[PDB]
Structure formats: C-alpha cells, structure tokens
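Asker: For reference, this is query_0.pdb, and it has PDB, C-alpha atoms and all ligand atoms.
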```
ATOM      1  CA  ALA L   2      28.559   6.466  -1.907
ATOM      2  CA  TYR L   3      28.024   3.790  -4.508
ATOM      3  CA  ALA L   4      27.345   0.347  -2.937
ATOM      4  CA  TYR L   5      24.667  -0.403  -0.311
ATOM      5  CA  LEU L   6      23.774  -2.624   2.640
ATOM      6  CA  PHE L   7      20.124  -2.932   3.670
ATOM      7  CA  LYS L   8      19.231  -4.782   6.835
ATOM      8  CA  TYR L   9      15.879  -6.638   6.607
ATOM      9  CA  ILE L  10      13.830  -8.382   9.282
ATOM     10  CA  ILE L  11      11.066 -10.923   8.671
ATOM     11  CA  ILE L  12       8.326 -10.845  11.324
ATOM     12  CA  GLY L  13       4.913 -12.429  11.943
ATOM     13  CA  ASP L  14       3.204 -15.397  13.631
ATOM     14  CA  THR L  15       4.535 -18.939  13.975
ATOM     15  CA  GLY L  16       4.328 -21.017  10.792
ATOM     16  CA  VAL L  17       3.389 -18.182   8.401
ATOM     17  CA  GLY L  18       6.493 -18.964   6.275
ATOM     18  CA  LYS L  19       9.209 -16.554   7.478
ATOM     19  CA  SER L  20      12.000 -19.170   7.259
ATOM     20  CA  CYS L  21      10.771 -20.475   3.921
ATOM     21  CA  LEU L  22      10.582 -16.975   2.405
ATOM     22  CA  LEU L  23      14.162 -16.346   3.540
ATOM     23  CA  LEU L  24      15.411 -19.658   2.038
ATOM     24  CA  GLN L  25      13.440 -19.221  -1.176
ATOM     25  CA  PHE L  26      14.906 -15.738  -1.686
ATOM     26  CA  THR L  27      18.520 -16.544  -0.818
ATOM     27  CA  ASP L  28      18.815 -20.128  -2.175
ATOM     28  CA  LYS L  29      15.897 -20.530  -4.609
ATOM     29  CA  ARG L  30      14.984 -23.717  -2.689
ATOM     30  CA  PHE L  31      11.993 -24.856  -0.593
ATOM     31  CA  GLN L  32      12.651 -27.244   2.320
ATOM     32  CA  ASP L  36      17.848 -26.437  10.325
ATOM     33  CA  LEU L  37      16.695 -23.549  12.534
ATOM     34  CA  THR L  38      19.099 -21.756  14.875
ATOM     35  CA  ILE L  39      16.754 -19.381  16.713
ATOM     36  CA  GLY L  40      18.315 -15.992  17.440
ATOM     37  CA  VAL L  41      20.943 -16.481  14.745
ATOM     38  CA  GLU L  42      18.982 -17.393  11.598
ATOM     39  CA  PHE L  43      19.992 -15.227   8.649
ATOM     40  CA  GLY L  44      20.970 -14.952   4.990
ATOM     41  CA  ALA L  45      22.194 -12.429   2.426
ATOM     42  CA  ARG L  46      21.780 -11.795  -1.278
ATOM     43  CA  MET L  47      23.104  -9.115  -3.623
ATOM     44  CA  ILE L  48      20.686  -7.344  -5.989
ATOM     45  CA  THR L  49      20.713  -4.329  -8.353
ATOM     46  CA  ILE L  50      18.528  -1.188  -8.126
ATOM     47  CA  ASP L  51      19.156   1.902 -10.320
ATOM     48  CA  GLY L  52      22.389   0.244 -11.492
ATOM     49  CA  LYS L  53      23.713   0.042  -7.918
ATOM     50  CA  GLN L  54      24.893  -3.016  -5.969
ATOM     51  CA  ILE L  55      22.742  -3.627  -2.907
ATOM     52  CA  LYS L  56      23.492  -6.285  -0.310
ATOM     53  CA  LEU L  57      20.391  -7.440   1.549
ATOM     54  CA  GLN L  58      21.166  -8.793   4.988
ATOM     55  CA  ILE L  59      18.067 -10.652   6.067
ATOM     56  CA  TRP L  60      17.053 -11.722   9.575
ATOM     57  CA  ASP L  61      14.406 -14.344  10.373
ATOM     58  CA  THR L  62      12.871 -13.496  13.759
ATOM     59  CA  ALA L  63      11.612 -17.015  14.536
ATOM     60  CA  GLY L  64      11.526 -17.383  18.318
ATOM     61  CA  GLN L  65      10.140 -13.861  18.853
ATOM     62  CA  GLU L  66       6.556 -15.011  18.203
ATOM     63  CA  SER L  67       5.916 -16.218  21.765
ATOM     64  CA  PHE L  68       6.973 -12.757  22.957
ATOM     65  CA  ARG L  69       4.726 -10.982  20.411
ATOM     66  CA  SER L  70       7.570  -8.455  20.192
ATOM     67  CA  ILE L  71      10.869  -8.052  18.375
ATOM     68  CA  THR L  72      14.097  -7.501  20.363
ATOM     69  CA  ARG L  73      15.709  -4.061  19.928
ATOM     70  CA  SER L  74      18.767  -5.628  18.252
ATOM     71  CA  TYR L  75      16.624  -6.829  15.324
ATOM     72  CA  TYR L  76      15.051  -3.333  14.885
ATOM     73  CA  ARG L  77      18.395  -1.547  15.253
ATOM     74  CA  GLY L  78      19.329  -0.180  11.839
ATOM     75  CA  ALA L  79      16.693  -2.269  10.039
ATOM     76  CA  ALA L  80      15.914  -0.636   6.732
ATOM     77  CA  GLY L  81      13.039  -2.946   5.806
ATOM     78  CA  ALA L  82      10.603  -5.404   7.340
ATOM     79  CA  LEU L  83       8.444  -8.049   5.788
ATOM     80  CA  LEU L  84       5.345  -8.510   7.970
ATOM     81  CA  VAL L  85       3.961 -11.921   7.079
ATOM     82  CA  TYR L  86       0.600 -13.641   7.620
ATOM     83  CA  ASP L  87      -0.581 -17.051   6.418
ATOM     84  CA  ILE L  88      -3.550 -16.731   4.065
ATOM     85  CA  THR L  89      -4.893 -20.143   5.225
ATOM     86  CA  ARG L  90      -5.095 -18.983   8.852
ATOM     87  CA  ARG L  91      -7.170 -15.891   9.700
ATOM     88  CA  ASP L  92      -5.713 -15.758  13.212
ATOM     89  CA  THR L  93      -2.299 -14.893  11.701
ATOM     90  CA  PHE L  94      -4.060 -12.032   9.847
ATOM     91  CA  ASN L  95      -5.792 -10.953  13.059
ATOM     92  CA  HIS L  96      -2.508 -10.416  14.936
ATOM     93  CA  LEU L  97      -1.023  -8.045  12.325
ATOM     94  CA  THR L  98      -2.018  -4.895  14.222
ATOM     95  CA  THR L  99      -0.015  -5.982  17.269
ATOM     96  CA  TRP L 100       3.116  -6.742  15.194
ATOM     97  CA  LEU L 101       2.579  -3.339  13.541
ATOM     98  CA  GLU L 102       2.299  -1.505  16.891
ATOM     99  CA  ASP L 103       5.456  -3.234  18.193
ATOM    100  CA  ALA L 104       7.219  -1.919  15.061
ATOM    101  CA  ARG L 105       5.725   1.577  15.524
ATOM    102  CA  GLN L 106       7.024   1.809  19.084
ATOM    103  CA  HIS L 107      10.466   0.290  18.567
ATOM    104  CA  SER L 108      11.577   0.728  14.956
ATOM    105  CA  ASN L 109      12.906   3.713  13.047
ATOM    106  CA  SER L 110       9.937   5.520  11.503
ATOM    107  CA  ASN L 111      11.710   5.336   8.128
ATOM    108  CA  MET L 112      11.822   1.528   8.204
ATOM    109  CA  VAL L 113       9.984   0.262   5.139
ATOM    110  CA  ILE L 114       7.271  -2.294   5.941
ATOM    111  CA  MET L 115       5.812  -4.619   3.341
ATOM    112  CA  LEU L 116       2.761  -6.703   4.170
ATOM    113  CA  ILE L 117       3.029 -10.277   2.919
ATOM    114  CA  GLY L 118       0.181 -12.770   2.621
ATOM    115  CA  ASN L 119       2.088 -16.034   2.279
ATOM    116  CA  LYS L 120       1.088 -19.548   1.106
ATOM    117  CA  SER L 121      -0.882 -18.150  -1.852
ATOM    118  CA  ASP L 122      -0.564 -21.518  -3.637
ATOM    119  CA  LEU L 123      -2.874 -23.112  -1.037
ATOM    120  CA  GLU L 124      -6.062 -21.991  -2.762
ATOM    121  CA  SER L 125      -8.183 -24.874  -1.373
ATOM    122  CA  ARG L 126      -7.509 -23.640   2.184
ATOM    123  CA  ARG L 127      -7.609 -19.863   1.687
ATOM    124  CA  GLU L 128      -9.274 -18.077   4.633
ATOM    125  CA  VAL L 129      -8.048 -14.518   4.008
ATOM    126  CA  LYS L 130      -9.024 -13.039   0.652
ATOM    127  CA  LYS L 131      -6.363 -11.146  -1.319
ATOM    128  CA  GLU L 132      -8.629  -8.058  -1.151
ATOM    129  CA  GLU L 133      -8.522  -8.146   2.675
ATOM    130  CA  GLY L 134      -4.712  -7.997   2.618
ATOM    131  CA  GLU L 135      -4.941  -5.127   0.099
ATOM    132  CA  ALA L 136      -7.428  -3.192   2.241
ATOM    133  CA  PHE L 137      -5.412  -3.747   5.449
ATOM    134  CA  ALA L 138      -2.250  -2.492   3.729
ATOM    135  CA  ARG L 139      -4.062   0.615   2.373
ATOM    136  CA  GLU L 140      -5.494   1.516   5.789
ATOM    137  CA  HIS L 141      -2.033   1.352   7.370
ATOM    138  CA  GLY L 142      -0.037   2.873   4.509
ATOM    139  CA  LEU L 143       1.850  -0.258   3.478
ATOM    140  CA  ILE L 144       2.669  -2.120   0.283
ATOM    141  CA  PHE L 145       1.260  -5.593  -0.005
ATOM    142  CA  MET L 146       1.887  -8.721  -1.988
ATOM    143  CA  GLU L 147       0.781 -12.291  -1.819
ATOM    144  CA  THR L 148       3.666 -14.737  -2.052
ATOM    145  CA  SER L 149       4.262 -18.442  -2.206
ATOM    146  CA  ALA L 150       7.544 -19.395  -0.583
ATOM    147  CA  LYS L 151       6.858 -22.891  -2.013
ATOM    148  CA  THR L 152       6.620 -21.946  -5.684
ATOM    149  CA  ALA L 153       8.667 -18.697  -5.436
ATOM    150  CA  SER L 154       5.632 -16.675  -6.633
ATOM    151  CA  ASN L 155       6.257 -12.946  -5.953
ATOM    152  CA  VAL L 156       9.092 -13.814  -3.535
ATOM    153  CA  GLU L 157      11.863 -12.039  -5.477
ATOM    154  CA  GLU L 158       9.462  -9.166  -6.208
ATOM    155  CA  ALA L 159       8.717  -8.714  -2.482
ATOM    156  CA  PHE L 160      12.361  -8.267  -1.450
ATOM    157  CA  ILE L 161      13.307  -6.196  -4.527
ATOM    158  CA  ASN L 162      10.288  -3.881  -4.257
ATOM    159  CA  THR L 163      11.004  -3.332  -0.558
ATOM    160  CA  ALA L 164      14.575  -2.341  -1.541
ATOM    161  CA  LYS L 165      13.385   0.005  -4.282
ATOM    162  CA  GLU L 166      11.085   1.666  -1.746
ATOM    163  CA  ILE L 167      13.984   1.981   0.771
ATOM    164  CA  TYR L 168      16.323   3.319  -1.923
ATOM    165  CA  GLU L 169      13.782   5.777  -3.406
ATOM    166  CA  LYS L 170      12.338   7.114  -0.122
TER
HETATM  167  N1  LIG L 201       2.255 -24.757   0.557
HETATM  168  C1  LIG L 201       3.055 -23.830   1.139
HETATM  169  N2  LIG L 201       3.630 -24.144   2.317
HETATM  170  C2  LIG L 201       4.449 -23.272   2.961
HETATM  171  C3  LIG L 201       4.719 -21.956   2.364
HETATM  172  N3  LIG L 201       5.545 -21.305   3.213
HETATM  173  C4  LIG L 201       5.787 -22.145   4.261
HETATM  174  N4  LIG L 201       5.147 -23.322   4.094
HETATM  175  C5  LIG L 201       5.073 -24.481   5.023
HETATM  176  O1  LIG L 201       4.716 -23.974   6.319
HETATM  177  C6  LIG L 201       5.632 -24.440   7.303
HETATM  178  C7  LIG L 201       6.035 -23.276   8.188
HETATM  179  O2  LIG L 201       6.807 -22.338   7.436
HETATM  180  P1  LIG L 201       8.059 -21.656   8.183
HETATM  181  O3  LIG L 201       8.898 -20.947   7.164
HETATM  182  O4  LIG L 201       8.847 -22.650   9.010
HETATM  183  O5  LIG L 201       7.265 -20.659   9.174
HETATM  184  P2  LIG L 201       7.886 -19.662  10.258
HETATM  185  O6  LIG L 201       7.662 -20.153  11.659
HETATM  186  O7  LIG L 201       7.235 -18.300  10.129
HETATM  187  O8  LIG L 201       9.362 -19.540   9.992
HETATM  188  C8  LIG L 201       6.817 -25.037   6.556
HETATM  189  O9  LIG L 201       7.235 -26.249   7.186
HETATM  190  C9  LIG L 201       6.307 -25.340   5.172
HETATM  191  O10 LIG L 201       5.836 -26.692   5.182
HETATM  192  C10 LIG L 201       4.057 -21.683   1.073
HETATM  193  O11 LIG L 201       4.232 -20.589   0.497
HETATM  194  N5  LIG L 201       3.262 -22.631   0.543
HETATM  195 MG    MG L 202      11.254 -19.534  11.224
END
```
How would this structure read if it were set down as structure tokens?
Ligand SMILES: Nc1nc2c(ncn2[C@@H]2O[C@H](COP(=O)(O)OP(=O)(O)O)[C@@H](O)[C@H]2O)c(=O)[nH]1
Ligand SMILES: [Mg+2]
Answerer:
Amino acid sequence: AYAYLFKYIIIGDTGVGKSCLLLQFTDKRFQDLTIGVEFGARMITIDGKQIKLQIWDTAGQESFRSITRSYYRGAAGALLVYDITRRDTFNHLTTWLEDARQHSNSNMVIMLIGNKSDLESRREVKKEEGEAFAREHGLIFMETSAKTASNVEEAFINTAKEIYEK
C-alpha cells in the first residue's frame, strides 16, 4: 500500500559516468568496481510516501551492447547515459534504446542523461541535441555532472515521480 521499492538500472557506453552517478546519488561523493554486483540504495519521498530506490550499475554490459534479462526484470526505471564530451557515446543511444525496447517492460521509465556537463571546454554534444533526441523518442532528458552533483538528485527523483505518477 504505503511504502515503495523502485528498481533502477543505469545503462550506456563505457566511461560515460554510470558508476559516478550512482556514487554521487547514494553517497554524495565523487571518486572499487565489482562488475555484475555493483549497486546502491537510497530512500526518498514523493507525494509524502517513502520510496526506496534500488539502483544497479550495468558496467560490464557495454562490451555486449545489451543488458542481461536479470537487470531488466522488474526494473521500474532506467537512466540511459551518454558523455557530452564524446559524440560516439551519443551515437550509440539508439542501440541501447532498442535493446531496452525488446527486453524491458514497456512501462519502464527511461530518462536520457547527458553526463559530464561541467566539462564545457570539451563539449561535443550540444544540450539541444540531447533535448531533440529525447523528444523524438518520447523521453525525459537532463544534463548532469556526477562530479559536481549538478542535476544528479533531480534525475533520480524525477524518474521516480514519473514512475509513481504514470
Ligand atoms: N569531470 C567529470 N568527470 C566525470 C563525470 N562523471 C564521470 N567522470 C569521470 O569519468 C570516468 C568514468 O566514469 P565512470 O563512472 O567510471 O563511467 P562508467 O564506465 O559508465 O561507469 C571517471 O573515472 C571519472 O573520472 C562528470 O560528471 N564530470
Ligand atoms: Mg561503471
């Protein structure tokens, strides 16, 4: 009835900041890596209700270009991350998105994340390109910095609000 558990997965290319977004959200710190068993949790509040976010970092899946069924199983939300300094990470979004289409529950919320927003001297992908990609595919989008915490809390909380309100 009254308390909630939302399973999240974090997906996207190598080095986009999946691990750092996890650690920033759960521990408020920015930095070992146990592939296949790399996770964290944090309690939040939406509409006065207690919601436990159980969050899975899918590092190690990148080489496969696909997410194992056990990550998708019961996943309520997914953060699909690219690295704004590396256009190739932006280019591979459609293949991550198709993997999710084929193998995830259609109700799984997906938020598009352009990470490393602090790195303005190396930006390759404009914020507007992330926005347009998200619109075309019916997703919410935010730029984050796992380094500075910018929009990190907002990304996880807004995903949860979308899951809860759907
Ligand atoms: N400046 C900056 N560096 C970041 C950010 N997120 C991650 N990094 C750096 O990028 C590297 C890769 O991030 P990581 O979380 O390990 O990527 P992953 O393979 O997707 O898990 C890290 O070692 C950090 O040095 C960010 O928001 N800003
Ligand atoms: Mg990782």
Asker: With distances taken over only C-alpha atoms, which of L:53, L:151, L:96, L:127 is nearest to residue 15 (chain L)?
Answerer: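 The closest residue to residue 15 (chain L) is L:96.
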Asker: For this file, the PyMOL selection byres (((not hetatm)) within 8 of (chain L and resi 202)) selects which residues, as number ranges by chain?
Answerer: L: 15-16, 18-21, 37, 39, 61-64
Asker: Store the residues of this selection in a file with C-alpha atoms, as an mmCIF file, keeping the file's coordinate frame.
Answerer:
```cif
data_model
loop_
_atom_site.group_PDB
_atom_site.id
_atom_site.type_symbol
_atom_site.label_atom_id
_atom_site.label_comp_id
_atom_site.auth_asym_id
_atom_site.auth_seq_id
_atom_site.Cartn_x
_atom_site.Cartn_y
_atom_site.Cartn_z
ATOM 1 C CA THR L 15 4.535 -18.939 13.975
ATOM 2 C CA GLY L 16 4.328 -21.017 10.792
ATOM 3 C CA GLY L 18 6.493 -18.964 6.275
ATOM 4 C CA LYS L 19 9.209 -16.554 7.478
ATOM 5 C CA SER L 20 12.000 -19.170 7.259
ATOM 6 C CA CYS L 21 10.771 -20.475 3.921
ATOM 7 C CA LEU L 37 16.695 -23.549 12.534
ATOM 8 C CA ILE L 39 16.754 -19.381 16.713
ATOM 9 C CA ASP L 61 14.406 -14.344 10.373
ATOM 10 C CA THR L 62 12.871 -13.496 13.759
ATOM 11 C CA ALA L 63 11.612 -17.015 14.536
ATOM 12 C CA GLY L 64 11.526 -17.383 18.318
#
```
Asker: Can you turn the PyMOL selection byres (((chain L and resi 157) around 12) and not hetatm) into a concrete residue list for this file, as a PDB file with C-alpha atoms, in the coordinates of the input?
Answerer:
```
ATOM      1  CA  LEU L  22      10.582 -16.975   2.405  1.00  0.00           C
ATOM      2  CA  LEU L  23      14.162 -16.346   3.540  1.00  0.00           C
ATOM      3  CA  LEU L  24      15.411 -19.658   2.038  1.00  0.00           C
ATOM      4  CA  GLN L  25      13.440 -19.221  -1.176  1.00  0.00           C
ATOM      5  CA  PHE L  26      14.906 -15.738  -1.686  1.00  0.00           C
ATOM      6  CA  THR L  27      18.520 -16.544  -0.818  1.00  0.00           C
ATOM      7  CA  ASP L  28      18.815 -20.128  -2.175  1.00  0.00           C
ATOM      8  CA  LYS L  29      15.897 -20.530  -4.609  1.00  0.00           C
ATOM      9  CA  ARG L  46      21.780 -11.795  -1.278  1.00  0.00           C
ATOM     10  CA  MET L  47      23.104  -9.115  -3.623  1.00  0.00           C
ATOM     11  CA  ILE L  48      20.686  -7.344  -5.989  1.00  0.00           C
ATOM     12  CA  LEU L  57      20.391  -7.440   1.549  1.00  0.00           C
ATOM     13  CA  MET L 146       1.887  -8.721  -1.988  1.00  0.00           C
ATOM     14  CA  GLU L 147       0.781 -12.291  -1.819  1.00  0.00           C
ATOM     15  CA  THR L 148       3.666 -14.737  -2.052  1.00  0.00           C
ATOM     16  CA  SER L 149       4.262 -18.442  -2.206  1.00  0.00           C
ATOM     17  CA  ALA L 150       7.544 -19.395  -0.583  1.00  0.00           C
ATOM     18  CA  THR L 152       6.620 -21.946  -5.684  1.00  0.00           C
ATOM     19  CA  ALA L 153       8.667 -18.697  -5.436  1.00  0.00           C
ATOM     20  CA  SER L 154       5.632 -16.675  -6.633  1.00  0.00           C
ATOM     21  CA  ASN L 155       6.257 -12.946  -5.953  1.00  0.00           C
ATOM     22  CA  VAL L 156       9.092 -13.814  -3.535  1.00  0.00           C
ATOM     23  CA  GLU L 158       9.462  -9.166  -6.208  1.00  0.00           C
ATOM     24  CA  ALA L 159       8.717  -8.714  -2.482  1.00  0.00           C
ATOM     25  CA  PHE L 160      12.361  -8.267  -1.450  1.00  0.00           C
ATOM     26  CA  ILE L 161      13.307  -6.196  -4.527  1.00  0.00           C
ATOM     27  CA  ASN L 162      10.288  -3.881  -4.257  1.00  0.00           C
ATOM     28  CA  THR L 163      11.004  -3.332  -0.558  1.00  0.00           C
ATOM     29  CA  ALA L 164      14.575  -2.341  -1.541  1.00  0.00           C
TER      30      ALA L 164
END
```
Asker: Applied to the shown file, which residues does the PyMOL selection byres (((chain L and resi 107) around 10) and not hetatm) return, written as a short mmCIF file (atom, residue, chain, number, x, y, z; two decimals) with C-alpha atoms, in the coordinates of the input?
Answerer:
```cif
data_model
loop_
_atom_site.label_atom_id
_atom_site.label_comp_id
_atom_site.auth_asym_id
_atom_site.auth_seq_id
_atom_site.Cartn_x
_atom_site.Cartn_y
_atom_site.Cartn_z
CA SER L 70 7.57 -8.46 20.19
CA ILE L 71 10.87 -8.05 18.38
CA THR L 72 14.10 -7.50 20.36
CA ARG L 73 15.71 -4.06 19.93
CA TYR L 75 16.62 -6.83 15.32
CA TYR L 76 15.05 -3.33 14.88
CA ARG L 77 18.40 -1.55 15.25
CA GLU L 102 2.30 -1.50 16.89
CA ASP L 103 5.46 -3.23 18.19
CA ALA L 104 7.22 -1.92 15.06
CA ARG L 105 5.72 1.58 15.52
CA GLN L 106 7.02 1.81 19.08
CA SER L 108 11.58 0.73 14.96
CA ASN L 109 12.91 3.71 13.05
CA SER L 110 9.94 5.52 11.50
#
```
Asker: Counting only C-alpha atoms, which residue out of L:9, L:86, L:68, L:145 sits closest to residue 45 (chain L)?
Answerer: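 For residue 45 (chain L), the nearest of the given residues is L:9.
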Asker: Closest to residue 88 (chain L) among L:112, L:41, L:138, L:123, using only C-alpha atoms?
Answerer: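 Nearest candidate to residue 88 (chain L) out of L:112, L:41, L:138, L:123: L:123.
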Asker: Of the residues L:93, L:38, L:65, L:119, which is the one nearest to ligand LIG 201 (chain L), using all atoms listed in the file?
Answerer: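 Closest residue, counting all atoms listed in the file: L:119.
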Asker: Expressed in Å to a single decimal, how great is the separation between atom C7 of ligand LIG 201 (chain L) and CA of residue 56 (chain L)?
Answerer: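 Those two atoms sit 25.8 Å apart.
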Asker: CA of residue 83 (chain L) and CA of residue 8 (chain L), how far apart in Å?
Answerer: 11.3 Å
Asker: To one decimal in Å, tell me the separation between atom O2 of ligand LIG 201 (chain L) and CA of residue 14 (chain L).
Answerer: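 Calculated distance between atom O2 of ligand LIG 201 (chain L) and CA of residue 14 (chain L) is 10.0 Å.
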Asker: Need the shell around residue 85 (chain L): protein/DNA/RNA residues with any atom at most 6 Å away, counting only C-alpha atoms. Skip same-chain ones fewer than 3 positions apart. Format as a PyMOL selection string?
Answerer: chain L and resi 13+117-118
Asker: Have a look at L:12, L:101, L:59, L:144 and name the one nearest to ligand LIG 201 (chain L); count all atoms listed in the file.
Answerer: L:12
